[PDB]
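Asker: Please see the structure below; I have some questions.
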Amino acid sequence: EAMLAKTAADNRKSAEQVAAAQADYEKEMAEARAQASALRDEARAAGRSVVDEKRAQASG
Amino acid sequence: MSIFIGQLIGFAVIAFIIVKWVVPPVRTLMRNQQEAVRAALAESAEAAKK
């Protein structure tokens, strides 16, 4: 009986894992994508600020 | 002595009826149980491998 229960639990756990593997996959896929997007956003903001201060100093 | 031969013939008839009608179904039930438990063990192995 314990073996039957263990077999059922193992099938359930395998079904859980074939989904949790992809879940964690996509989770840190999204984490990396968001980090990259934030890096690009801060780079664009830094460039805009740099060009603005260049404008100001050049005008002065 | 004659009753001995009579009851030997009776026991032969009993053995024939048994082996011919009771043995097949009970043997089939035994094989069904053995196959079921073997399948359960195979499923356990497959689930562990999975």
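Identifiers for the structure tokens are assigned positionally: chains receive A, B, ... in sequence, residues are indexed from 1 per chain, and ligands are indexed from 1 in the order shown.
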Which residues, written as number ranges by chain, have at least one atom at most 8 Å from region 39-42 of chain B, with only C-alpha atoms counted and residues fewer than 4 positions away on the same chain left out?

Answerer: A: 4; B: 35, 46

Asker: Show me which bits of chain A are within 6 Å of chain B, counting only C-alpha atoms, as a ChimeraX atom specification.

Answerer: /A:7,10-11

Asker: For the residues selected in the previous step, produce a file with N, CA, C and O atoms as a PDB file, in the first residue's frame.

Answerer:
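Written output follows (again.pdb):
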ATOM      1  N   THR A   7       4.012   5.504  -5.593  1.00  0.00           N
ATOM      2  CA  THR A   7       3.932   5.594  -7.046  1.00  0.00           C
ATOM      3  C   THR A   7       3.006   6.725  -7.470  1.00  0.00           C
ATOM      4  O   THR A   7       3.329   7.498  -8.382  1.00  0.00           O
ATOM      5  N   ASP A  10       4.756   9.937  -6.826  1.00  0.00           N
ATOM      6  CA  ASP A  10       5.849  10.167  -7.762  1.00  0.00           C
ATOM      7  C   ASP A  10       5.324  10.616  -9.116  1.00  0.00           C
ATOM      8  O   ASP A  10       5.917  11.490  -9.754  1.00  0.00           O
ATOM      9  N   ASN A  11       4.221  10.029  -9.581  1.00  0.00           N
ATOM     10  CA  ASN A  11       3.610  10.531 -10.808  1.00  0.00           C
ATOM     11  C   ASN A  11       3.176  11.980 -10.640  1.00  0.00           C
ATOM     12  O   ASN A  11       3.417  12.820 -11.519  1.00  0.00           O
TER      13      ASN A  11
END

Asker: What does the distance from CA of residue 31 (chain B) to CA of residue 6 (chain A) come to in Å, to one decimal?

Answerer: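 Those two atoms sit 24.6 Å apart.
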